[PDB]
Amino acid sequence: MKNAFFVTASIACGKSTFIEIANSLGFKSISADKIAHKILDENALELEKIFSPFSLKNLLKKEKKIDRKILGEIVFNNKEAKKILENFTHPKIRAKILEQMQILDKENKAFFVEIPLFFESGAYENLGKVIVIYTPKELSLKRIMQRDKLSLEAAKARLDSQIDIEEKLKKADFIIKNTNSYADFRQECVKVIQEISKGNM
């Protein structure tokens, strides 16, 4: 598809701000996150059957709404549980996303799919062009311990993620740098959408 523009981001707030802006300028946005969530609610009753032997704490919260707090404990506690939920959810997530992305490509106006950087349900780099809002960060262990004031284990944790973020840029189509002030980052999203808006991208 041709009007498909994923928007993902090294920091979660970049993701959303660009989405706030594209919206006002008369463009439409799908939220991969809202979709995934929607999935868990529509299959409540099968989810309870599948996951209930894993706990005594009931999975259904009310009238066919799934207890997410409980489900996330179950998968965190239980590697079998974790693989079953993954495989149960991937096809459904993939399928819904891909459904709505054909609803709008045909509508022939550029559209944006807002999606977390390491979202699992497929390899979406095929479907459209990817926009990654990247904030480059220090990859030095010591400087993060001193900066954000952390133990080694927590700095390890933070550093491994920033290193894994930078790798993902090899998969991007458009990178918007986000190293300067809020209002300044803002205009750059504005500029980009415009270029998309006249077939320049």
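Each residue number is its position in the shown sequence, starting from 1.
The mean C-alpha temperature factor is higher for 138-146 when 138-146 and 160-168 are set side by side. When the mean C-alpha temperature factors of 57-65 and 169-177 are read from the deposited coordinates, 57-65 comes out higher. Based on the entry's C-alpha B-factors, the most elevated value among 80, 86, 73, 105 belongs to 105. Ranked by Cα temperature factor within the chain, residue 34 sits in the middle third according to the deposited record.
When the modelled residues of the chain are ordered by their C-alpha B factor, residue 92 lands in the lowest third.
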